[PDB]
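Please read the structure below before turning to the comments.
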Amino acid sequence: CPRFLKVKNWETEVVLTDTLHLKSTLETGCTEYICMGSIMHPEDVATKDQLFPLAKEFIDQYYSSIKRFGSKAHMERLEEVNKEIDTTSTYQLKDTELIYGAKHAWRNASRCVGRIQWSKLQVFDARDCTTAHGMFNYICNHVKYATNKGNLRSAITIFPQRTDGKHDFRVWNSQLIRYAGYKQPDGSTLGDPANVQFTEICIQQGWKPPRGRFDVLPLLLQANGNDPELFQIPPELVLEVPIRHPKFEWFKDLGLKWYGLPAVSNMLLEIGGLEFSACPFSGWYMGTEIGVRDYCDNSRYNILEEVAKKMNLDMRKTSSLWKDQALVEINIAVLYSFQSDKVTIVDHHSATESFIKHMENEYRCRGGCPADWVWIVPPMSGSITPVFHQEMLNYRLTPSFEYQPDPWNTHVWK
Amino acid sequence: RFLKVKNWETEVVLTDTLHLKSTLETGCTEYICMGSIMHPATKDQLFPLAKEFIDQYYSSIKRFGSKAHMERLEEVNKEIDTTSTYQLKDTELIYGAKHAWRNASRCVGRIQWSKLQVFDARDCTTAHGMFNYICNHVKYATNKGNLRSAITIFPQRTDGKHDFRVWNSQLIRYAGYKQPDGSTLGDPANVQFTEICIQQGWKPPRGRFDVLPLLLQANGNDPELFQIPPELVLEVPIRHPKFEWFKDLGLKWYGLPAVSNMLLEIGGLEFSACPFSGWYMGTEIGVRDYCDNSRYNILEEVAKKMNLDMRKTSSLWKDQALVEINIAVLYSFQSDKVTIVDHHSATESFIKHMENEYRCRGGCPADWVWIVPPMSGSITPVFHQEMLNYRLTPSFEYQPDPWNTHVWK
Ligand code: HEM
Ligand code: HEM
Ligand SMILES: Cc1cc(N)nc2cc(-c3cccc(CCN)c3)ccc12
Ligand SMILES: Cc1cc(N)nc2cc(-c3cccc(CCN)c3)ccc12
Ligand SMILES: C[C@H](O)[C@H](O)[C@H]1CNc2nc(N)[nH]c(=O)c2N1
Ligand SMILES: C[C@H](O)[C@H](O)[C@H]1CNc2nc(N)[nH]c(=O)c2N1
Ligand SMILES: [Zn+2]
């Protein structure tokens with residue numbers, strides 16, 4: 001436990017100094033003798049004696065951020081939050097604290113490369129929601145607002161916080177907008193192989209699937225612990241980009257398209273010991289997210305093969321690097337399609353450059369910036385981006401976005 | 001307690017027990033991960049360290065507690081007493097060197113670890129001897145292009161003022177020169193080291209691919225220059241299977257990668273000079289040596305000849321040019337029958353190696369950050385492979401550059 005930590009950029013020899021790690025909260029899984037850095041995931045709802053210090057920690061942080069630490073209002077808030085916990089075992093966040101918390105959960109998210117945008121986030125309070133129909137209303141407004149006819153804007157919608165654990169609000173979808181995957185009796189998969197499991201859940205709950213290549217899944221929404229309910233998102237609200245290529249005329253004939261709004265809805269927002277199990281947030285895409293992961297991953301659309309077939313690449317020996325050539329072209333198509341349809345999207349070069357600039361600024365005037373190299377480095381051409389050569393410290397700050405069990409694995413059906 | 005690692009693309013789960021055996025620290029704490037940080041003895045310390053190594057040696061050849069084991073322990077204890085150190089048997093030395101490669105978390109090429117030719121050079125006393133051992137190493141390892149893995153182990157550190165050191169970072173590297181205007185002729189990574197040779201009276205050909213002389217230090221004395229006989233340096237001209245102009249870039253690289261500035265550590269003994277060599281994974285040359293900004297940096301030039309539009313980043317022009325360069329490199333080596341491996345085959349081998357190690361050994365330390373190839377990452381099997389990283393010994397360690405310590409004489 002020393003007070004300073006340094007990180008070097010081995011390409012630009014710049015050294016930064018981390019003090020912020022001292023405010024780190026929970027353990028990382030790593031120890032003195034092992035490193036879990038590449039491990040993906042290394043109803044105990046809080047009690048009073050647990051919540052007091054967590055609440056106090058966050059409120060102190062909030063008033064520090066707005067330069068009123070030790071003020072009258074600061075002490076009064078503490079007194080109010082502490083009385084509220086003593087007699088309700090919980091407390092509610094003011095709209096300002098809630099908005100602060102959201103933004104800082106994003107800011108604190110070590111695996112996100114797009115954090116340079118963090119302060120610019122539209123927060124939708126939906127803590128007054130009581131039903132699935134209402135959730136759906138809020139989600140539709142979130143999507144229209146975030147999509148903005150292609151000029152995408154980051155936004156989060158926050159539903160009521162957990163209480164006893166039996167009355168949780170959840171979005172069962174992993175993203176608000178995903179394509180269905182249908183397992184076939186002959187062993188193949190139609191649509192998106194990633195979402196096969198969730199598709200069967202939807203179908204079992206009553207969904208009539210069109211059984212197509214690009215079927216937008218419905219929302220599965222749980223309010224206040226009740227069984228979840230199905231809702232079809234209005235097709236006009238889902239912006240989609242058909243994928244084509246600046247040079248390859250045949251690329252359009254592959255028949256691919258993708259949606260514009262990446263909207264993650266299964267994560268959990270934790271602020272001052274409060275747990276918002278349902279907190280969907282959206283931004284715009286990095287190209288490699290659709291181009292490399294969504295399409296080329298073996299257990300995804302796997303058009304790697306077919307593209308290489310249409311490029312007439314030698315696909316008999318790997319050392320021809322037919323896969324790499326193919327992947328690059330696919331990512332060129334994705335970026336070209338989104339840009340043509342003036343839908344917001346960022347390439348992996350521009351984004352990693354942005355994040356380095358963000359990291360430097362965070363170190364300069366916040367004392368550090370937690371980052372996960374393993375996730376920050378893009379899935380293609382890593383070494384020729386600035387982040388590859390950049391040393392990073394990884395630690396967990398609160399407020400944070402966390403993972404949570406899939407709701408179907410925990411839900412007590414009514 | 002036991003730990004799992006999932007491959008997410010195949011859902012295969014391995015259980016790690018081996019990590020419980022380590023005692024060297026990683027640089028991480030419970031609260032901070034430093035997995036992307038590149039670099040995070042007397043009688044009294046030396047016996048338990050030796051005892052640890054001797055034990056896992058006699059456990060390795062299934063004679064733990066044998067007459068020999070008991071005696072060998074006694075022999076080593078008596079020697080640390082009366083000399084404040086000890087000497088490794090031949091067998092132990094070869095076992096120890098293979099196992100330092102086996103324990104190399106950042107090495108993707110470890111499937112080959114038991115195939116290692118070990119050259120004992122612990123009788124060496126001068127730079128001239130060192131030179132002789134090194135030339136022999138290069139001749140054997142290069143093997144006319146059918147490369148073979150070797151290590152040459154010079155005497156162990158004693159008091160510290162008598163270290164053996166190969167000052168070159170690799171046995172075969174290219175000189176880099178600081179130009180008058182500001183740019184750099186040749187390999188920029190080595191510009192400091194090139195000036196150290198020029199200082200020693202090396203006459204620089206001042207060209208793009210000049211092979212650097214050896215700088216060798218024995219028993220702590222002043223390092224000395226030696227030219228490597230050119231017939232021993234296997235080189236490859238880089239050209240492209242479709243593009244006719246690629247050879248007009250005048251590029252070429254050496255066949256033998258031989259890292260010579262690390263420190264082998266066995267049973268508490270330190271070998272400050274122990275050059276080891278293997279063969280290349282194509283991205284080491286084509287992605288890092290040629291395309292890094294702090295290196296040969298020829299992407300712009302290539303993509304220019306490929307007539308791509310380079311005005312915006314989102315055309316992925318750096319990306320295209322990069323692939324084409326690595327195709328060339330692989331084509332060039334394979335055409336000259338010089339052992340090389342593509343990052344796809346190398347990663348496949350390593351997943352298989354990992355599974356082997358989890359079977360027969362209970363684990364396999366691995367640094368994901370270094371194992372994942374510096375291009376086309378998520379289309380190699382190792383991207384979706386979870387990996388535990390821990391510090392096993394014997395190991396190869398980093399050491400300071402010798403010109404930062406050595407008081408000249
Ligand atoms: C605005 C543009 C954004 C871009 C370009 C971006 C980019 C990315 C990328 C590429 C990843 C890696 C995930 C993957 O590989 O699938 C990621 C992760 C993540 N992002 Fe961002 N993101 C953006 C906005 C946001 C926003 C608005 C939030 C929340 C308010 C957010 C929170 C997160 C979290 C929590 C993760 C993963 C961390 C974890 O799994 O623990 N991101 N982002
Ligand atoms: C046989 C073919 C081999 C291949 C294809 C190979 C490949 C690689 C690659 C690509 C790296 C990453 C280094 C970088 O990119 O900067 C690496 C690291 C390394 N390799 Fe290998 N290698 C081979 C043989 C060997 C041998 C013979 C030894 C020693 C006996 C060895 C020991 C190491 C060590 C010590 C590292 C750095 C590990 C660390 O810092 O923990 N490798 N190797
Ligand atoms: C808001 C936002 C934008 C974006 N472009 N990518 C995200 C990616 C994620 C994300 C986080 C963890 C895991 C995943 C995908 C699972 N392999 C995505 C979350 C939010 C994102
Ligand atoms: C034996 C061998 C073969 C090979 N193809 N690459 C190596 C690469 C290394 C290595 C280790 C640390 C650092 C470096 C270069 C700086 N990234 C190389 C060591 C040995 C290697
Ligand atoms: C095994 C590994 O930790 C895991 O698959 C991670 C690696 N790095 C990643 N990086 C990004 N951006 N996205 C990912 O899904 C992953 N997967
Ligand atoms: C900062 C970062 O850890 C450093 O540049 C590492 C990252 N991973 C690497 N991986 C390999 N194989 N080779 C490298 O040189 C590096 N560089
Ligand atoms: Zn770690």
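We name chains A, B, ... following the order of the structure tokens; residues begin at 1 in each chain, and ligands are numbered from 1 as shown.
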
>> Taking only C-alpha atoms and all ligand atoms into account, which residues have an atom no farther than 7 Å from ligand 3? I'd like them as a PyMOL selection string.
In response: chain A and resi 262-264+281-286

>> Just want the 8 Å neighbourhood of stretch 5-15 of chain B, counted on only C-alpha atoms, with same-chain residues fewer than 6 positions away dropped. Output as a PyMOL selection string.
In response: (chain A and resi 39+298-299) or (chain B and resi 355+358+362-363+381+384-388)

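All chain B residues having an atom within 6 Å of chain A, based on only C-alpha atoms, amount to residues 25, 26, 28, 29, 30, 31, 32, 33, 34, 36, 37, 314, 342, 374, 375, 376, 377, 378, 386, 388, 389 and 390 of chain B.
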
Those same residues, written as a PDB file, in the first residue's frame with C-alpha atoms?
ATOM      1  CA  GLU B  25       4.388 -12.415  -6.398  1.00  0.00           C
ATOM      2  CA  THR B  26       2.576 -11.031  -9.457  1.00  0.00           C
ATOM      3  CA  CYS B  28      -1.396  -7.356  -8.252  1.00  0.00           C
ATOM      4  CA  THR B  29      -3.186  -6.759  -4.989  1.00  0.00           C
ATOM      5  CA  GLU B  30      -6.755  -7.588  -4.000  1.00  0.00           C
ATOM      6  CA  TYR B  31      -7.692  -4.042  -4.966  1.00  0.00           C
ATOM      7  CA  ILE B  32      -5.616  -3.331  -8.069  1.00  0.00           C
ATOM      8  CA  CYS B  33      -4.856  -5.353 -11.193  1.00  0.00           C
ATOM      9  CA  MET B  34      -1.552  -4.590 -12.876  1.00  0.00           C
ATOM     10  CA  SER B  36      -1.022  -4.728 -18.291  1.00  0.00           C
ATOM     11  CA  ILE B  37       2.111  -3.433 -16.557  1.00  0.00           C
ATOM     12  CA  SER B 314     -12.333   4.725 -40.783  1.00  0.00           C
ATOM     13  CA  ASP B 342       1.448 -17.843 -38.332  1.00  0.00           C
ATOM     14  CA  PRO B 374      -1.180  -8.093 -31.727  1.00  0.00           C
ATOM     15  CA  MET B 375      -3.450  -8.363 -34.790  1.00  0.00           C
ATOM     16  CA  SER B 376      -6.748 -10.163 -35.608  1.00  0.00           C
ATOM     17  CA  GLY B 377      -7.133 -11.033 -31.934  1.00  0.00           C
ATOM     18  CA  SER B 378     -10.702 -12.238 -31.518  1.00  0.00           C
ATOM     19  CA  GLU B 386      -9.677 -17.339 -19.822  1.00  0.00           C
ATOM     20  CA  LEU B 388      -4.711 -17.667 -14.874  1.00  0.00           C
ATOM     21  CA  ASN B 389      -1.358 -15.956 -14.462  1.00  0.00           C
ATOM     22  CA  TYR B 390       1.091 -16.794 -11.697  1.00  0.00           C
TER      23      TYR B 390
END

>> Can you measure atom CA of residue B:332 to atom CA of residue B:285 for me? One decimal in Å is fine.
In response: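 Computing it gives 11.8 Å between the two atoms.
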
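Reported to one decimal place, the separation of atom CA of residue A:330 from atom CA of residue B:312 is 17.3 Å.
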
>> Neighbours of ligand 1 at 8 Å or closer, counting only C-alpha atoms and all ligand atoms: which residues, as a ChimeraX atom specification?
In response: /A:102-103,105-107,109-115,117-118,121,153-156,267,281-286,288-289,293,345-346,351,375-376,378,400-403

>> Can you work out which residues are within 8 Å of ligand 2, considering only C-alpha atoms and all ligand atoms, and then hand them over as a ChimeraX atom specification?
In response: /B:97-98,100-102,104-110,112-113,116,148-151,262,276-281,283-284,288,340-341,346,367,370-371,373-374,395-398

May I have the residues from that selection written out with N, CA and C atoms, as a compact mmCIF listing (two decimals), in the first residue's frame?
# COMPACT_ATOMS: atom_id res chain seq x y z
N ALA B 97 16.27 -25.47 -17.20
CA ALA B 97 16.15 -24.58 -18.35
C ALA B 97 14.88 -24.87 -19.14
N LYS B 98 14.55 -26.14 -19.29
CA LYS B 98 13.30 -26.50 -19.94
C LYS B 98 12.11 -26.00 -19.12
N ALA B 100 11.97 -23.38 -17.10
CA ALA B 100 11.84 -21.93 -17.13
C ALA B 100 11.09 -21.50 -18.38
N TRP B 101 11.29 -22.23 -19.47
CA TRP B 101 10.54 -22.00 -20.68
C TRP B 101 9.10 -22.45 -20.46
N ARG B 102 8.93 -23.59 -19.81
CA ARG B 102 7.60 -24.12 -19.54
C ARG B 102 6.78 -23.14 -18.71
N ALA B 104 6.99 -19.89 -18.65
CA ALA B 104 7.01 -18.55 -19.22
C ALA B 104 5.60 -18.06 -19.60
N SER B 105 4.93 -17.38 -18.68
CA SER B 105 3.53 -17.00 -18.85
C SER B 105 3.26 -16.29 -20.18
N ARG B 106 4.22 -15.49 -20.65
CA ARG B 106 3.99 -14.67 -21.84
C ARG B 106 4.33 -15.34 -23.16
N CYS B 107 4.87 -16.56 -23.08
CA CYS B 107 5.29 -17.29 -24.29
C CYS B 107 4.18 -18.18 -24.86
N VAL B 108 3.69 -17.81 -26.04
CA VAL B 108 2.69 -18.59 -26.75
C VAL B 108 3.27 -19.86 -27.41
N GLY B 109 4.60 -19.96 -27.47
CA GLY B 109 5.24 -21.05 -28.19
C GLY B 109 5.66 -22.24 -27.34
N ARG B 110 5.14 -22.31 -26.12
CA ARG B 110 5.57 -23.29 -25.13
C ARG B 110 5.16 -24.73 -25.36
N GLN B 112 6.38 -26.48 -27.25
CA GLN B 112 7.67 -27.03 -27.63
C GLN B 112 8.69 -27.15 -26.49
N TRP B 113 8.24 -26.99 -25.25
CA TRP B 113 9.16 -26.73 -24.14
C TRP B 113 10.14 -27.88 -23.81
N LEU B 116 14.25 -28.71 -26.14
CA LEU B 116 15.16 -27.57 -25.99
C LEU B 116 16.60 -28.07 -25.93
N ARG B 148 15.96 -24.76 -34.72
CA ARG B 148 15.85 -25.61 -33.54
C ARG B 148 16.03 -24.77 -32.31
N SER B 149 15.32 -25.12 -31.25
CA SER B 149 15.37 -24.36 -30.01
C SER B 149 16.61 -24.65 -29.17
N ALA B 150 17.28 -23.58 -28.75
CA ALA B 150 18.47 -23.76 -27.94
C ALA B 150 18.65 -22.67 -26.92
N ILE B 151 19.40 -23.00 -25.89
CA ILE B 151 19.80 -22.03 -24.91
C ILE B 151 21.27 -22.32 -24.57
N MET B 262 17.93 -11.53 -21.06
CA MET B 262 17.19 -11.94 -19.89
C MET B 262 18.04 -12.77 -18.94
N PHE B 276 18.66 -17.46 -25.47
CA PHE B 276 17.82 -18.55 -25.98
C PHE B 276 17.16 -18.14 -27.29
N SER B 277 16.91 -19.13 -28.13
CA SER B 277 16.42 -18.88 -29.46
C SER B 277 15.35 -19.89 -29.82
N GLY B 278 14.49 -19.51 -30.76
CA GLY B 278 13.44 -20.39 -31.24
C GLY B 278 13.23 -20.08 -32.70
N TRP B 279 11.98 -20.11 -33.13
CA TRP B 279 11.66 -19.53 -34.42
C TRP B 279 10.61 -18.42 -34.24
N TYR B 280 10.34 -17.69 -35.31
CA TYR B 280 9.48 -16.52 -35.27
C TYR B 280 7.99 -16.85 -35.43
N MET B 281 7.15 -16.13 -34.70
CA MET B 281 5.75 -16.01 -35.08
C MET B 281 5.64 -14.77 -35.96
N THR B 283 3.87 -12.29 -36.67
CA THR B 283 3.47 -10.97 -36.19
C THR B 283 4.59 -10.26 -35.44
N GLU B 284 5.59 -11.02 -34.99
CA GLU B 284 6.72 -10.40 -34.30
C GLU B 284 7.51 -9.51 -35.22
N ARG B 288 4.92 -5.90 -35.39
CA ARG B 288 5.60 -5.11 -34.38
C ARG B 288 6.92 -4.51 -34.88
N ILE B 340 8.95 -20.73 -39.67
CA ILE B 340 8.15 -19.63 -39.14
C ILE B 340 6.78 -20.19 -38.77
N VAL B 341 5.99 -19.43 -38.03
CA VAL B 341 4.62 -19.86 -37.73
C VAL B 341 3.65 -18.68 -37.73
N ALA B 346 -0.11 -20.85 -34.18
CA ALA B 346 0.57 -20.71 -32.89
C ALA B 346 -0.43 -20.70 -31.74
N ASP B 367 -0.30 -15.34 -19.63
CA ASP B 367 -0.59 -13.92 -19.58
C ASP B 367 -1.32 -13.56 -20.86
N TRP B 370 -0.22 -10.81 -23.21
CA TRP B 370 0.89 -11.15 -24.12
C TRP B 370 0.60 -12.34 -25.05
N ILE B 371 -0.19 -13.31 -24.59
CA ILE B 371 -0.60 -14.44 -25.44
C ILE B 371 -1.45 -14.06 -26.68
N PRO B 373 -2.44 -12.44 -29.97
CA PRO B 373 -1.64 -11.83 -31.03
C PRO B 373 -1.99 -10.38 -31.27
N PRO B 374 -0.99 -9.55 -31.62
CA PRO B 374 -1.18 -8.09 -31.73
C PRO B 374 -1.94 -7.68 -32.98
N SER B 395 12.37 -19.64 -13.72
CA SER B 395 11.80 -18.69 -14.63
C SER B 395 12.86 -17.85 -15.31
N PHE B 396 12.49 -17.29 -16.45
CA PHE B 396 13.22 -16.19 -17.07
C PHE B 396 12.74 -14.86 -16.52
N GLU B 397 13.68 -14.05 -16.04
CA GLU B 397 13.39 -12.75 -15.45
C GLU B 397 13.98 -11.63 -16.31
N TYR B 398 13.44 -10.43 -16.15
CA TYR B 398 14.05 -9.25 -16.72
C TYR B 398 15.21 -8.81 -15.83

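With only C-alpha atoms and all ligand atoms as the basis for measurement, B:294 is the residue among B:87, B:294, B:356, B:399 that approaches ligand 6 most closely.
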
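In this model, the gap between atom CA of residue A:5 and atom CA of residue A:18 comes to 4.9 Å.
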
>> Quick check for you: according to DSSP on this backbone, which residues of stretch 257-382 of chain B are classed as strand (DSSP E or B)? Reply as an NGL selection string.
In response: :B and (258-259 or 263-266 or 269-271 or 276-277 or 280-281 or 340-341)

> Could you name the residues that touch residue B:73 at 8 Å or less, counting only C-alpha atoms, but leaving out those on the same chain fewer than 3 positions away, as a ChimeraX atom specification?
Replying inline: /B:51,54,69-70,76-77

Please produce a file of the residues just selected, as a compact mmCIF listing (two decimals), in the first residue's frame, where the atoms kept are N, CA and C atoms.
# COMPACT_ATOMS: atom_id res chain seq x y z
N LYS B 51 16.64 -26.23 -2.06
CA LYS B 51 15.85 -27.35 -1.56
C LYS B 51 14.54 -27.47 -2.33
N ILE B 54 15.51 -28.76 -5.94
CA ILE B 54 15.97 -30.14 -5.89
C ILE B 54 14.78 -31.08 -5.67
N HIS B 69 18.21 -38.50 -3.72
CA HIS B 69 17.56 -37.26 -3.28
C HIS B 69 18.10 -36.81 -1.93
N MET B 70 18.07 -37.72 -0.96
CA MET B 70 18.59 -37.43 0.37
C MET B 70 20.02 -36.93 0.26
N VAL B 76 24.31 -30.46 -1.46
CA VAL B 76 24.04 -29.04 -1.73
C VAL B 76 24.15 -28.18 -0.46
N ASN B 77 23.65 -28.70 0.65
CA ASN B 77 23.78 -28.02 1.93
C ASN B 77 25.23 -27.80 2.33

>> For residue A:65, find every residue with an atom within 12 Å (counting only C-alpha atoms), except residues of its own chain fewer than 3 positions away, and show them as a PyMOL selection string.
In response: chain A and resi 58-62+68-70+74+96-97+100-101+104+366

> Got a sec to tell me which of stretch 314-388 of chain A DSSP assigns to helix (DSSP H, G or I), as a PyMOL selection string?
Replying inline: chain A and resi 318-320+322-340+348-366+373-376+382-384

Write the selection just made, keeping C-alpha atoms, as a PDB file, in the first residue's frame?
ATOM      1  CA  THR A 318      -4.318 -20.367 -42.530  1.00  0.00           C
ATOM      2  CA  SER A 319      -0.971 -18.743 -43.343  1.00  0.00           C
ATOM      3  CA  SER A 320      -2.606 -17.106 -46.350  1.00  0.00           C
ATOM      4  CA  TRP A 322      -7.603 -15.261 -45.535  1.00  0.00           C
ATOM      5  CA  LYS A 323      -9.485 -14.770 -42.272  1.00  0.00           C
ATOM      6  CA  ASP A 324      -7.694 -11.528 -41.466  1.00  0.00           C
ATOM      7  CA  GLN A 325      -8.178 -10.100 -44.961  1.00  0.00           C
ATOM      8  CA  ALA A 326     -11.872 -11.001 -44.799  1.00  0.00           C
ATOM      9  CA  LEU A 327     -12.395  -9.502 -41.336  1.00  0.00           C
ATOM     10  CA  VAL A 328     -10.861  -6.193 -42.399  1.00  0.00           C
ATOM     11  CA  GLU A 329     -13.215  -5.952 -45.375  1.00  0.00           C
ATOM     12  CA  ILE A 330     -16.230  -6.757 -43.245  1.00  0.00           C
ATOM     13  CA  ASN A 331     -15.331  -3.969 -40.820  1.00  0.00           C
ATOM     14  CA  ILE A 332     -14.880  -1.585 -43.707  1.00  0.00           C
ATOM     15  CA  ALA A 333     -18.386  -2.422 -44.922  1.00  0.00           C
ATOM     16  CA  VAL A 334     -19.895  -1.862 -41.467  1.00  0.00           C
ATOM     17  CA  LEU A 335     -18.260   1.559 -41.012  1.00  0.00           C
ATOM     18  CA  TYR A 336     -19.136   2.603 -44.605  1.00  0.00           C
ATOM     19  CA  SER A 337     -22.786   1.631 -44.252  1.00  0.00           C
ATOM     20  CA  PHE A 338     -23.371   3.420 -40.973  1.00  0.00           C
ATOM     21  CA  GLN A 339     -21.634   6.568 -42.258  1.00  0.00           C
ATOM     22  CA  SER A 340     -23.568   6.582 -45.542  1.00  0.00           C
ATOM     23  CA  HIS A 348     -11.524   1.502 -33.436  1.00  0.00           C
ATOM     24  CA  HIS A 349      -8.681   3.890 -34.364  1.00  0.00           C
ATOM     25  CA  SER A 350     -10.562   7.084 -33.536  1.00  0.00           C
ATOM     26  CA  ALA A 351     -12.062   5.637 -30.360  1.00  0.00           C
ATOM     27  CA  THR A 352      -8.858   4.298 -28.852  1.00  0.00           C
ATOM     28  CA  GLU A 353      -7.237   7.645 -29.647  1.00  0.00           C
ATOM     29  CA  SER A 354     -10.122   9.408 -27.857  1.00  0.00           C
ATOM     30  CA  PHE A 355      -9.789   7.171 -24.837  1.00  0.00           C
ATOM     31  CA  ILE A 356      -6.041   7.772 -24.475  1.00  0.00           C
ATOM     32  CA  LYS A 357      -6.738  11.488 -24.487  1.00  0.00           C
ATOM     33  CA  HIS A 358      -9.515  10.854 -21.927  1.00  0.00           C
ATOM     34  CA  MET A 359      -7.220   8.744 -19.750  1.00  0.00           C
ATOM     35  CA  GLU A 360      -4.504  11.408 -19.738  1.00  0.00           C
ATOM     36  CA  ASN A 361      -7.016  14.063 -18.724  1.00  0.00           C
ATOM     37  CA  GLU A 362      -8.471  11.833 -16.004  1.00  0.00           C
ATOM     38  CA  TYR A 363      -5.016  11.229 -14.577  1.00  0.00           C
ATOM     39  CA  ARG A 364      -4.271  14.973 -14.766  1.00  0.00           C
ATOM     40  CA  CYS A 365      -7.386  16.149 -12.965  1.00  0.00           C
ATOM     41  CA  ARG A 366      -8.934  13.210 -11.096  1.00  0.00           C
ATOM     42  CA  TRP A 373      -6.552  -3.432 -21.039  1.00  0.00           C
ATOM     43  CA  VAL A 374      -7.989  -6.847 -21.839  1.00  0.00           C
ATOM     44  CA  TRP A 375     -11.279  -5.127 -22.835  1.00  0.00           C
ATOM     45  CA  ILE A 376     -10.018  -1.697 -23.846  1.00  0.00           C
ATOM     46  CA  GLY A 382      -4.663  -4.037 -31.442  1.00  0.00           C
ATOM     47  CA  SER A 383      -0.952  -3.165 -31.669  1.00  0.00           C
ATOM     48  CA  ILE A 384      -1.477  -0.370 -34.182  1.00  0.00           C
TER      49      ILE A 384
END

> Which is closest to ligand 4 among B:17, B:126, B:190, B:217, if we use only C-alpha atoms and all ligand atoms?
Replying inline: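 So, comparing all the options, the nearest one is B:190.
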
>> So that I can see what lies close to residue A:301, please list as an MDAnalysis selection string the residues with an atom at most 9 Å from it, counting only C-alpha atoms and leaving out residues fewer than 6 positions away in the same chain.
In response: chainID A and resid 190:194 294:295
